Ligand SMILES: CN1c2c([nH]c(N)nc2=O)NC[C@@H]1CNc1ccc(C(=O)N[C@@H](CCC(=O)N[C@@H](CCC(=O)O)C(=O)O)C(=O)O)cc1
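This document opens with one chain alone, in structure tokens, the form deposited without the ligand.
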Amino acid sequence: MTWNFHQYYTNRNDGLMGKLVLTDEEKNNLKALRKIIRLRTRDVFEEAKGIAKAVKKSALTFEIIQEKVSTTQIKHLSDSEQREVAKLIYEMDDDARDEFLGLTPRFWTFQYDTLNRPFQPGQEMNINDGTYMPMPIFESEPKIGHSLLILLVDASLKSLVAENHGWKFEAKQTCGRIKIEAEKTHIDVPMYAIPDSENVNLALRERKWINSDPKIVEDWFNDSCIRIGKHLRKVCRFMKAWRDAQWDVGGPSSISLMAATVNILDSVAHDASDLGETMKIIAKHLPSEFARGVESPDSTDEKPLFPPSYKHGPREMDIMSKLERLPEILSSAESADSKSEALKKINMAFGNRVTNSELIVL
């Protein structure tokens, strides 16, 4: 029995799309969480610039500067860290202090419009909100300072964590992260120095700076959607949901999947009208795309989004293995003897989320 899966995928109620897409309410809560974080790191910078204003207006002594710092949300940093901010404020040059004074954190106006509702517990939605610091020329170091910038971001995030029950802070290599388990969401806040080569300065923790402009991949994906069609976002969500179903923790990055998928869709004839067919074409071509190594849409400077087959360890082998199963799972469900059996089989790929076998049609 040839079963069509177009409605299984695209039905916005009972179908996969229906299981994946956040409600308007749920989206708004993420936007609210984000806005809270934005306002707090804006305030923090203001509390610091406040101290720097005084210093420029009379030239405080370290001892004073420090009293004040203790009266800001920097109070949430360790003792030594509070000393460091007071110190860096104290030692600011007249010109560097003038820059600081004219420095506000800027924010870029989820997951490229492919943020899936989490599946397994406890898997969580990962939201990324960059903090951008407009500064002037950048060789090996900026006038304001990497460590001062990072401490203030840290102070914002940690102040919110202390105020809010259920929030935890976690230092990642590229960002600070606020965790909110009860809401199943992580918010990552990477910070960038901006003046597309010099707007590419991400402040690394754990080398100090790196050329990384998120806009490159953003614009790349947006162009791809326009170029390929409204189905690109849907199939990208479906691959991401596959990954969430196949691995509780682990599996390939979402961006690796997007790049390979875009690559296939750009180069292989497919019928957008039938998403079941389209996914089969994607599933057929993915393994060779991953064995090759998936390059970043950003060609400037990077490493593969997913490594070539010769560098694979047990984890990558596992991934390759599941990728090679996918097209088979998809063809089996297609030739399935029953409506219910077809649903059970395709749910081997995307997990048991869709329950209405009625969506499956001849």
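Residue positions are given as counts along the sequence shown, with the first one as 1.
In this entry, residue 140 and residue 141 are joined directly, with no residue of the deposited sequence lacking coordinates between them. Where coordinates are absent for parts of the deposited sequence, a chain break appears; between neighbours residue 206 and residue 207 it spans 1 to 3 residues. For the pair 310 to 318 and 292 to 300, the mean B factor over Cα atoms is greater in 292 to 300. With 47 to 55 and 322 to 330 compared on mean CA B-factor from the PDB entry, the stretch scoring higher is 47 to 55.
Of the residues listed, 104, 246, 128, 278, the entry assigns the biggest Cα temperature factor to 104. When the C-alpha B factors of 260, 148, 92, 239 are read from the deposited coordinates, the top value falls at 92. Annotation for residue 122: C-alpha temperature factor in the middle third relative to the rest of the modelled chain, per the entry.
Residue 174: CA B factor lies in the middle third for its chain, per the PDB record. The deposited CA B-factor of residue 3 belongs to the highest third of values across its chain. Per the PDB record, residue ranking by Cα B-factor puts residue 252 in the lowest third of the chain.
Ranked by Cα temperature factor within the chain, residue 132 sits in the middle third according to the deposited record.
There is another form of the same protein, the form deposited with the ligand bound; it is not shown, and what comes next is about it.
The ligand is not shown here, but in the bound PDB entry it comes within 4.5 Å of a heavy atom of residue 213. Not displayed here, the ligand is approached by residue 39 to within 4.5 Å at the level of heavy atoms in the bound PDB entry. Interface residue remark: residue 196 is counted as part of the site for the ligand in the bound PDB entry, having a heavy atom within 4.5 Å.
At the 4.5 Å threshold, heavy atoms of residue 35 reach the ligand in the bound PDB entry. Heavy atoms within 4.5 Å of the ligand in the bound PDB entry are found in exactly one of 284 to 292, 85 to 93, 100 to 108, 67 to 75, that being 100 to 108.
With the partner omitted here, the residue from 265, 200, 135, 149 that has a non-hydrogen atom within 4.5 angstroms of the ligand in the bound PDB entry is 200.
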